[PDB]
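A.B. asks: Got a structure for you, written out below as structure tokens; questions coming shortly.
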Amino acid sequence: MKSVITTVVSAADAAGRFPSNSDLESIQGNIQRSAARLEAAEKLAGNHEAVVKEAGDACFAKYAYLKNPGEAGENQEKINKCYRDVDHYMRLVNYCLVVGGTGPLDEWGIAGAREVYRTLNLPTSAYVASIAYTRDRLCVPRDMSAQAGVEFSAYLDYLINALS
Amino acid sequence: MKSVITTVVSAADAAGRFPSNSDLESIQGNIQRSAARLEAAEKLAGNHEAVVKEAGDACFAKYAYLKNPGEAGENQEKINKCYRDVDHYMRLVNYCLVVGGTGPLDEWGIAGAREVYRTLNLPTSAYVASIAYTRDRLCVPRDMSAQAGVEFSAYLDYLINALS
Amino acid sequence: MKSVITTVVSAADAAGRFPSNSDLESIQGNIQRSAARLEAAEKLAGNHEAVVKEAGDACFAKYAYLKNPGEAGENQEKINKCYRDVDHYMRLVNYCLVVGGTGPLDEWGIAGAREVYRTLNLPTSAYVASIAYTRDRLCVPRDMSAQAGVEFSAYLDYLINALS
Amino acid sequence: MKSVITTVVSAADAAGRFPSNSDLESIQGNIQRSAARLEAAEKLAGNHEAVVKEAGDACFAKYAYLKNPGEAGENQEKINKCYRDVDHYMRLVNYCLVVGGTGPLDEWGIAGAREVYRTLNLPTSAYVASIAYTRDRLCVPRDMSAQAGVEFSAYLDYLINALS
Amino acid sequence: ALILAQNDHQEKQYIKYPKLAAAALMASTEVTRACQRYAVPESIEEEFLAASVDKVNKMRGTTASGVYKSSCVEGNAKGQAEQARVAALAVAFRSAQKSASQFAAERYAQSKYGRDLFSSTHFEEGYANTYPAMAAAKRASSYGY
Amino acid sequence: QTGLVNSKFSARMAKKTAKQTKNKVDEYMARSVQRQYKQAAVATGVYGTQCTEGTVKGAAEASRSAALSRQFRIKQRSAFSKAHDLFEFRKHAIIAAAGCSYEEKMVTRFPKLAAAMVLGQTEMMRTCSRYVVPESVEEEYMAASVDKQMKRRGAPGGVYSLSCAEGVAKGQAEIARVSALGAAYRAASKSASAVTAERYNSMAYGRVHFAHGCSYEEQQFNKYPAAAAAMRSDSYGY
Amino acid sequence: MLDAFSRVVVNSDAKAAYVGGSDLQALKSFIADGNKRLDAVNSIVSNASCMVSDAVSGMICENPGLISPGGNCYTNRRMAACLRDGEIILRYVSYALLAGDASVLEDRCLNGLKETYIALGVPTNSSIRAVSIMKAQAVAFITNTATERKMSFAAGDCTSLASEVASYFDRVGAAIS
Amino acid sequence: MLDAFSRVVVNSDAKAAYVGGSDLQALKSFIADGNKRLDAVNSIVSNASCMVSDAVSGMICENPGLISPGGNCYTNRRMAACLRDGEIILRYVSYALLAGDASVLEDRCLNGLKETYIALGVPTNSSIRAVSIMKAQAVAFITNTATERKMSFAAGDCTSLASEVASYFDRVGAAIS
Ligand SMILES: *C(=C)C1=C(C)[C@@H](Cc2[nH]c(/C=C3N=C(/C=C4\NC(=O)[C@H](C)[C@H]4CC)C(C)=C\3CCC(=O)O)c(CCC(=O)O)c2C)NC1=O
Ligand SMILES: *CCC1=C(C)C(=O)N[C@H]1Cc1[nH]c(/C=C2\N=C(C[C@H]3NC(=O)C(CC)=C3C)C(C)=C2CCC(=O)O)c(CCC(=O)O)c1C
Ligand SMILES: *C[C@@H](*)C1=C(C)C(=O)N[C@H]1Cc1[nH]c(/C=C2\N=C(C[C@H]3NC(=O)C(CC)=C3C)C(C)=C2CCC(=O)O)c(CCC(=O)O)c1C
Ligand SMILES: *[C@@H](C)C1=C(C)C(=O)N[C@H]1Cc1[nH]c(/C=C2\N=C(C[C@H]3NC(=O)C(CC)=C3C)C(C)=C2CCC(=O)O)c(CCC(=O)O)c1C
Ligand SMILES: *[C@@H](C)[C@H]1/C(=C/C2=NC(=C\c3[nH]c(C[C@H]4NC(=O)C(C=C)=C4C)c(C)c3CCC(=O)O)/C(CCC(=O)O)=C2C)NC(=O)[C@@H]1C
Ligand SMILES: *[C@H](C)[C@H]1/C(=C/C2=NC(=C\c3[nH]c(C[C@H]4NC(=O)C(C=C)=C4C)c(C)c3CCC(=O)O)/C(CCC(=O)O)=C2C)NC(=O)[C@@H]1C
Ligand SMILES: *[C@H](C)[C@H]1/C(=C/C2=NC(=C\c3[nH]c(C[C@H]4NC(=O)C(C=C)=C4C)c(C)c3CCC(=O)O)/C(CCC(=O)O)=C2C)NC(=O)[C@@H]1C
Ligand SMILES: *[C@H](C)[C@H]1/C(=C/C2=NC(=C\c3[nH]c(C[C@H]4NC(=O)C(C=C)=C4C)c(C)c3CCC(=O)O)/C(CCC(=O)O)=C2C)NC(=O)[C@@H]1C
Ligand SMILES: *[C@H](C)[C@H]1/C(=C/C2=NC(=C\c3[nH]c(C[C@H]4NC(=O)C(C=C)=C4C)c(C)c3CCC(=O)O)/C(CCC(=O)O)=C2C)NC(=O)[C@@H]1C
Ligand SMILES: C=CC1=C(C)[C@@H](Cc2[nH]c(/C=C3N=C(/C=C4\NC(=O)[C@H](C)[C@H]4CC)C(C)=C\3CCC(=O)O)c(CCC(=O)O)c2C)NC1=O
Ligand SMILES: C=CC1=C(C)[C@@H](Cc2[nH]c(/C=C3N=C(/C=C4\NC(=O)[C@H](C)[C@H]4CC)C(C)=C\3CCC(=O)O)c(CCC(=O)O)c2C)NC1=O
Ligand SMILES: C=CC1=C(C)[C@@H](Cc2[nH]c(/C=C3N=C(/C=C4\NC(=O)[C@H](C)[C@H]4CC)C(C)=C\3CCC(=O)O)c(CCC(=O)O)c2C)NC1=O
Ligand SMILES: C=CC1=C(C)[C@@H](Cc2[nH]c(/C=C3N=C(/C=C4\NC(=O)[C@H](C)[C@H]4CC)C(C)=C\3CCC(=O)O)c(CCC(=O)O)c2C)NC1=O
Ligand SMILES: C=CC1=C(C)[C@@H](Cc2[nH]c(/C=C3N=C(/C=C4\NC(=O)[C@H](C)[C@H]4CC)C(C)=C\3CCC(=O)O)c(CCC(=O)O)c2C)NC1=O
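Residue numbers (my numbering), protein chains in the order written: chain A, 482 to 645; chain B, 482 to 645; chain C, 482 to 645; chain D, 482 to 645; chain E, -5 to 139; chain F, 26 to 263; chain G, 24 to 200; chain H, 24 to 200.
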């Protein structure tokens, strides 16, 4: 759970000091920008069951060769394990704009994620064909406020650049 | 030395990453506080040698014995050498209020103090007889404002929290 | 605990050695010098109620300012406990004379010294102020010998030079 | 070179202390003890051509199988490379009378001696045969005095305890 | 000069005209930097080894009895001899200010300079192969310094 | 001008000689491998508390003047004691290069990179002294059994040496006293997944660096791993 | 180490449900009184060095049987080591006081210290007196009922987040005993 | 480590002076241009895993002679080193983008980097290509003139932020050669 204020107080443990004025002023900025993203949370979290039906096949419009005989998205027990798993990555980033830090990113989608994609023989470039289409689907008029798709947009291509 | 950003840029240096949205928000409190936090920079630096005279003899008001032979303040230049240092003590915290972080007071003044005052035979309470006269000489609306004022006292008794 | 004898065993412990003809040969001096250093051990012990009283206020005869409230040396219950401390100092300085080194003083007095005089905000030179009255008061033809007057005073200034 | 001086200063060096009361009396015993440990050294130096010669052929009297072909006494020069190697030890234990510890013996004489002999086919059971001949041949009124004979004996059997 | 001439004409140019044979030696050390004034020793033993040979090179700046010759002389007027000192250090700060590609060039050159004109044996061309600045300080015996 | 010996006044050679550049390429390569292991220490932006410098008002600043003055002692060694750990650090650092010819190209090149990578590999896997404590006197008397064996290289002939030197000034090792006893408490309350790798790799740390053929000692390591987490090389006298 | 932000999401993933708008009841409130939080944490550090001479010296005056031969805190090696660990229970809670959860302290301090409080001789009786006064002083140091100090404040309410300074220092005795 | 908020307290130090009232103008302008200075960084580090892959292949399609034998980027191992040190370089100029001073890099990356590619024989002219091509993408990300990613922003002056990422990027080229 990497966060904003857990990132602050740890060096005051690691160097062993007391909380001064310099340590608390970082969370004065955790008033304004903490608020502006939390509107975009439930705006996404109420509709996470709907946006997966255009997010999943956005990979499969690009990669329909994963439905070949002897493949990764070939059949219905893998298809319904695909359509179940595309929003798990968003529930990671649903909690990202809840705490404000990158907690469930660096806790549940990093360690060995480069490994088990190669080890379970599923393409690493497949999810980036599934979720960039979600990030490149931004109409700031009908989505949210102006700044609410600024930090929120930066997560959805962080997983693009971290995973591959 | 140590700043508002130095910890959160080393928390991405020791991690070895580009700065995430955790420390992207860390500079938000840097700009909400600077409206009146370097207010006390040149207000102090326009009035610094008035308060070296105001509290610099208010330690000799408490301890009026220092002119005896054997201890430090027994001749004219030695107490004149005191007034340099009590200028220096709101030098390197006047640095700190615009630096933000607590670097150059630790980097120069407050660390290494216990070893040199033991050797040079001078009481560390005989300093804080001057510093504790300053914060109760500050006025809440008259000298600065309130949110300006909280960043004066809480640096001033944090000084004697590490001097005592 | 450090002495002549408990040095050379732990010196010859980790070397995988049996004590050879330097290890015992150091103790060959430690029997004749024990006659001259324990001549002063009990004369201090047989007249210890003298030094606890007209040196503890003679300590105050150059540090008299502590008697004021706000400080910690002001009233009788903080004289009831004040003379108790030098009782622990006149005890601990007696026990070095039956050891052959600065063993019990460093183990019991110096460990933890510098951090409880200043967090109690006691001026640590006032714990040296008693000892200076003690040193040159012990004359040669009356109290101790010439060869016992030197080494108890060589035991004495270790408590001078370590406190500040 | 482990001397009765050097054994105590390294003990105070690594801990970071001055020469204290544990160190004043530790070398008090280097005058009244070395009033007799020198007494064997001028006795050994003026009678070393005979003491080495007596202890030399006492080895060859006991183990007369060294003369055989294949062993460590078969030729004239291996006769001299044996009568030399006791003159080395009768210098080294002369030297640690002058040091007063084990210094010349444990550094230059016995350190790794159980590798040269076992590789060069030298019987270390014959080395203790050639040393122990003089270990009783000293005569407590005739070779030296009894405060010097216990001194000279204690350096021989430490060498005998090493090689065995 | 006879043992660096490439031509048989150039040999004749040095035998007949002595002021040319002089400056043909001197010009070769300027361009192929095998002077003392261009040699920086790369170690503390070389700074001893270079100092060991010019104690003999300065020893011919004095006569057979030890009185000073006219050759080694560092001043003629009031203040000139001090001005020669403040001069020569700017040569020294710029001798050690070459490029990384030109220290490599005179490293092999001073080794070649010592073993061509002064060495006749195998040990003499061993101190030149191993320490170039020690061979670079080998002067040409027509000077005094 | 003349040589430095005679007839000349001030110093020369403000030029990095060929040995002098070899030290800097060693030091840059050593600071990189130092910082790279500490990236394996803290694997997030949240600090793992084995990076805890000090824990009282002054112990953090007190760790500074001890660490560099200790490094001064490693610089202050003899010609023998520098030629020894030259050859001795590298063959431990060969061993950590498990099957890589490329790393053992440049560990015979940079001896400080040999020195900087051997001890930080231990601190990455926390297979060293104060990172793992035994559970009972079953292993406590066993783990400290090699501890008195290790300092036999420290004091060679009874007289102490500067390897195990603790304090250089008044009141230094007594703040080091209270610090590492907190590390002895900081070693006591680690995670569940954490401690179940410190033991099961210190029993592999000894079997490659110290065992070399003895299947008896492998019984000692695989039942008592904390006795191997004190074993070190000859270069540290302690 | 978590905070009260990251406290509540470890059960939301444990039911794998998204953070709803029903969850915003705590999150509207905490950011709004967030300036009411750190406006008391200034007072916590501003009596740091004097705290280990207030409650700890308020303990020896309750029982002088510890400074003579016969006490656990008899020499200065253990006189300091009681008040040196006085200020750590100031220190670790300050990270947790602004965090809104004790995830900072209860792993690095409160787990393992109970058995560290076993082997020494530190009394269970004197293990609860200092933690009450250094709670009841910070009860006052939030409320500014310090009888000889009233410092600078944006006046109003702070006694709502004075509930945590009692809700934090009860689990010291609940887990060491 | 230093930065522009703490560069002045180095500058005021050696003349024994303070932070005067007229020197604030670089720093009072900082906190108002900081709202766009934070709007500059997340434009860069969103696309950052492409930025080394855009650039070092730009050295490959410029010079294909290095993937031959004899080249310093031939083997499959050494390009894993190269892409690693490709993304190191912008990871540290991104720090000076938030710091505003060069005192991040030549104490952590440039001191001796000139000499540590000397003994490794890394061709320093090729590393200049991996510096400048990264710099060209940086100014196109700041001014948003790069073709195929259109990011929303706030309008206003930004023409001086790209002016300083040139000054940092060419400096790391200035000290490697
Ligand atoms: C070889 C034939 C060859 C290349 C490889 C390529 C390298 C190169 N690219 C530029 C300009 C840009 N590079 C960019 C980076 C990326 N573009 C993308 O679409 C993704 C996001 C990313 C890689 C992950 C960008 C954004 C630009 C700016 C233009 C734009 O608007 O896209 C240069 C410098 C200028 C140029 O030469 O075109 C180079 C050298 N070009 C090659 O010729
Ligand atoms: C594993 C985390 C880590 C890294 C990376 C690191 O460099 N140190 C640790 C934790 C850490 N330490 C500090 C602060 C200090 N550490 C020291 C000790 C070192 N500094 C030195 O100068 C020397 C001598 C060569 C050593 C060993 C010191 C002195 C400090 C400063 C404390 C003080 O002097 O008051 C920090 C905090 C850095 C910050 O953000 O301020 C961390 C996380
Ligand atoms: C490993 C080298 C060694 C030998 C041999 C040995 O006996 N002790 C060590 C080093 C050493 N230390 C001293 C003196 C002191 N050592 C300590 C260490 C403890 N304090 C700590 O904080 C820790 C970490 C857990 C430890 C082990 C202390 C407190 C002292 C006293 C300092 C003093 O009184 O000056 C000595 C020399 C004297 C001695 O006999 O111990 C040596 C060689
Ligand atoms: C000629 C090479 C010499 C031989 C042979 C010798 O034994 N001494 C040389 C001649 C000589 N020079 C002096 C006095 C001075 N020489 C000076 C020049 C040196 N100082 C420098 O900084 C440098 C360049 C790095 C040089 C060459 C200076 C200056 C003096 C002092 C002049 C003065 O007026 O005092 C003497 C006199 C004895 C002496 O050493 O002072 C001689 C014999
Ligand atoms: C005769 C009574 C001996 C015996 C002696 C031999 N020693 C031989 C060689 C040898 N011995 C030493 C150790 C000795 N020399 C020293 O300088 C010192 C310390 C200062 C000591 C203790 C060394 C190092 C060597 C090898 C070098 C040398 O020649 O001195 C030797 C020759 C061995 C051979 O030629 O194979 C002999 C015969 N041999 C005996 O059996 C009894 C014990
Ligand atoms: C369909 C669009 C996807 C796809 C989905 C599959 N995932 C399979 C197994 C699997 N994947 C993960 C990672 C991800 N899923 C999660 O539930 C979580 C976190 C809780 C993460 C990070 C996990 C953990 C698992 C195993 C458990 C599970 O089923 O969720 C899978 C089965 C492959 C196989 O059995 O060989 C499929 C089909 N896979 C694809 O290739 C496309 C891109
Ligand atoms: C005056 C209010 C005190 C007092 C002051 C004295 N200080 C003396 C010497 C001294 N102090 C320092 C540390 C100080 N100087 C600095 O420049 C800085 C940082 C910027 C600090 C913290 C130093 C280094 C020195 C020695 C050099 C010098 O000032 O001469 C001093 C003279 C002692 C002596 O040299 O004999 C005095 C009298 N002493 C007092 O009694 C009052 C309470
Ligand atoms: C009197 C001339 C002094 C002075 C003395 C006071 N000391 C007080 C407490 C105190 N003193 C020591 C040092 C000493 N006492 C010991 O028991 C031992 C070790 C066995 C030593 C070295 C300690 C450790 C303490 C704290 C615990 C205790 O009370 O023993 C004290 C009471 C302070 C209070 O009640 O808060 C006084 C008055 N104080 C002075 O002002 C002059 C200089
Ligand atoms: C077994 C662990 C080692 C050992 C190491 C020593 N560490 C000393 C100080 C110290 N070292 C660190 C580790 C820091 N360096 C790293 O490379 C990494 C991660 C990769 C980290 C975190 C820390 C945190 C400290 C201070 C705390 C401490 O250890 O007490 C040190 C000097 C004495 C000392 O203060 O401990 C040593 C000797 N000790 C050994 O004998 C083996 C080689
Ligand atoms: C362990 C031995 C030991 C001592 C010597 C005394 C030390 C000592 N002497 C005196 C009291 C005295 N002490 C001395 C001794 C001396 N006066 C001098 O001027 C010289 C410096 C020195 C002799 C060379 C004398 C002469 C008195 C009588 C009154 C006085 O002069 O102070 C007092 C005050 C209490 C009293 O009246 O007795 C004390 C603590 N106590 C001891 O426990
Ligand atoms: C036997 C000795 C003995 C003491 C020393 C005191 C110690 C002490 N003080 C307080 C109570 C308190 N203690 C403090 C502490 C301090 N006040 C300050 O100005 C400083 C910051 C700091 C001392 C350096 C404060 C601020 C209060 C609250 C009341 C107040 O002072 O306004 C309490 C708990 C409630 C109470 O009884 O008041 C105790 C036990 N009591 C004792 O029985
Ligand atoms: C980064 C620097 C920083 C600080 C130093 C603190 C300081 C601080 N406190 C408050 C603001 C406040 N502080 C209090 C606090 C109190 N009122 C009381 O009656 C009690 C005595 C006390 C705590 C118990 C209240 C009631 C408010 C206003 C309400 C609110 O801000 O939510 C404000 C906002 C009001 C203003 O702009 O002045 C600030 C900056 N907060 C910070 O962000
Ligand atoms: C914690 C996350 C966090 C941030 C990243 C910043 C985000 C940020 N940037 C700007 C605001 C701005 N940002 C820019 C920057 C640019 N405009 C361009 O056309 C260029 C492409 C680019 C410069 C390189 C400009 C010009 C403004 C307007 C000036 C201003 O509002 O300060 C604003 C104010 C306007 C708005 O509400 O959006 C905010 C909140 N603040 C935060 O709290
Ligand atoms: C903290 C400081 C730090 C850096 C500055 C970087 C850079 C860096 N790269 C390498 C090591 C290397 N670096 C490169 C990179 C290149 N070679 C080229 O010709 C190109 C110009 C460039 C490609 C981008 C290669 C190819 C190697 C390995 C060489 C080899 O395997 O033989 C090394 C030596 C370490 C090692 O070899 O393992 C360092 C320090 N990494 C760091 O950790």
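Idealized CB from N, CA, C, for every residue including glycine.
At a CB distance below 7 Å, what residues from the segment 26 to 37 of chain H approach chain J? Give them in sequence order.
C.D. replies: Protein chains A, B, C, D, E, F, G and H are contained in the structure displayed, whereas chain J is not.
A.B. asks: Report the start-end ranges of each alpha helix (DSSP H) in the segment 568 to 642 of chain B that is 4 residues or longer and not cut off at the edges.
C.D. replies: 577 to 580, 594 to 600 and 606 to 612
A.B. asks: Tell me whether the segment 25 to 43 of chain G and the segment 568 to 576 of chain A touch, counting them as touching only if at least three CB pairs, one residue from each stretch, are closer than 8 Å.
C.D. replies: yes
A.B. asks: Distance, Cα to Cα, C/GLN628 vs D/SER606?
C.D. replies: The straight-line gap from Cα to Cα measures roughly 52 Å.
A.B. asks: Which residues in chain B sit within 7 Å of G/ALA71, going by Cβ to Cβ distance?
C.D. replies: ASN642
A.B. asks: Can you find a CB in chain H that lies within less than 8 Å of the CB of F/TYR263?
C.D. replies: Not closer than 8 Å to any Cβ of chain H, the Cβ of F/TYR263 fails to qualify, so no.
A.B. asks: Can you tell me which of the three DSSP states G/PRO92 falls into?
C.D. replies: coil
A.B. asks: Going by alpha carbons, who is nearest to G/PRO146 out of G/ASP77, G/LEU89, G/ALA169 and G/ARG100?
C.D. replies: G/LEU89
A.B. asks: With 7 Å as the C-beta to C-beta threshold (strictly closer), list the residues of the segment 50 to 69 of chain F near chain B in chain order.
C.D. replies: Within the segment 50 to 69 of chain F, the qualifying residues are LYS63, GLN64, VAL67 and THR69.
A.B. asks: Check for me: the alpha helix (DSSP H) holding G/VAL145 runs from which residue to which?
C.D. replies: No alpha helix (DSSP H) holds G/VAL145; DSSP gives it neither H nor E.
A.B. asks: List the whole-angstrom C-beta distance separating D/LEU525 from D/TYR570, where the pair is believed to meet the contact cut-off of C-beta under 8 Å.
C.D. replies: The Cβ separation is near 11 Å, so there is no contact.
A.B. asks: Only counting the same chain, and skipping five residues up and downstream in sequence, which positions put a Cβ closer than 6 Å to that of F/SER204?
C.D. replies: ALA84
A.B. asks: Check residue 649 of chain B in the structure and name its three-state DSSP category.
C.D. replies: Summary: the structure shown does not reach residue 649 of chain B, with chain B confined to residues 482 through 645, and so no result is reported for it.
A.B. asks: Looking at F/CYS153 and ligand 2, is the gap between the Cβ and the nearest heavy atom below 7 Å?
C.D. replies: no
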